[PDB]
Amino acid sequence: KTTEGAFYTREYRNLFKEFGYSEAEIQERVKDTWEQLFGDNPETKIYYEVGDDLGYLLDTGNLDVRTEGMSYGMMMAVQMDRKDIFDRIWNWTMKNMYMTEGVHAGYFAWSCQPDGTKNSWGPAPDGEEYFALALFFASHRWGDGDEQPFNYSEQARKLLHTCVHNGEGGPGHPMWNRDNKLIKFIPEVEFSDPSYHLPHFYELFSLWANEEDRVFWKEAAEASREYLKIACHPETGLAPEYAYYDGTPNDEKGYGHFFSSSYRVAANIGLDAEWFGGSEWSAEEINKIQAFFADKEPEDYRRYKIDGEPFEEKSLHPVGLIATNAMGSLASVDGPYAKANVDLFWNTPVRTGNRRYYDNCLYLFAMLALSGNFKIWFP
């Protein structure tokens, strides 16, 4: 590590403020972003309330409710101290997504219709890891409820138990390969997705998961840091959406390039550097991604091969790309392009249109992280 992280100091960098933005404008912008996503602002909103006790995040582009969006929404709500929103989302999640039958019992069906109908009985591991951490944060901020499923920390430990141990007495599959400690793209495959690797989350799991797994989680954190070094292109810093355990792109179905999924790598690296400390690798990695985009206009952002070669196809989520590249500045605060990225993001409005969901989730995490408001909530 090259700096001491917020995990040790309990002070979160307000990068917007350090780059010269006023405290009043920053506060306004964070709240405005929240309100545009969770309030009534129908052109821009992604959260929808249902009755007195339910609510969900809608993938506006695919017309479904995704565990990615639900777990994001729970993380957002706990960072904003909004138990009411947190509990609505988590309650919908448990009611409509949690599976008690099939090979993936104990996990969450990745895509549901707005009426709660499962589109699939397959889970998406990046959902599970966000559910668990947001649950731990909920336990810590508010206390475990007495009524299930609001017993937050028990639900978190129980979920992470399944993630590691599923398949031991039965037909299930774990979400992490036990030998290499790497998160999988889905439980029944043996390849991964770089954007799913959250070593900073695993550090916390190594403190708060069932004791029998705390060594595993510290090992998974280290394995995830090593994997990112091999998965990011050495010149451009670009990661593929899917990658084999060997770090190379899995393009069997067109996911071997730098597109929507990959964007989150830079954000993940920034947040890890802020929580657990800078490193040389992270700063250089962010410098590479930012250097790569420095001569490119947002209107012209493309799909790229990880070597930098452009496709005709434009970025489907260019706002999310901007936001993640800016959030990445937390791992290279003195980097040559760090201030330009944060400024570009500052000058980019939240997204409107039917594709806004993904951009806007990335945008709110970036607002939170760059203002010193994406925090670890301790017991």
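One-based numbering along the sequence shown.
Relative to its counterpart among 203-211 and 295-303, 295-303 has the higher mean temperature factor, C-alpha atoms as listed in the PDB entry. For the pair 309-317 and 59-67, the record assigns the higher mean C-alpha temperature factor to 59-67. By the numbers in the PDB entry, the CA B factor is greatest at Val189 among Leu238, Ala283, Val189, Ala134. Taking the PDB entry at face value, the top CA B factor among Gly254, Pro194, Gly116, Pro123 belongs to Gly116.
When the modelled residues of the chain are ordered by their C-alpha B factor, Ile85 lands in the highest third.
Compared with the other modelled residues of the chain, the Cα B-factor recorded for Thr352 ranks in the highest third. Placement of the Cα temperature factor of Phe16 within the chain: middle third of the modelled residues, per the deposited record.
Split the chain's modelled residues into thirds by C-alpha temperature factor. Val50 is in the highest one. Sorting the modelled residues of the chain by their CA temperature factor places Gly270 in the lowest third.
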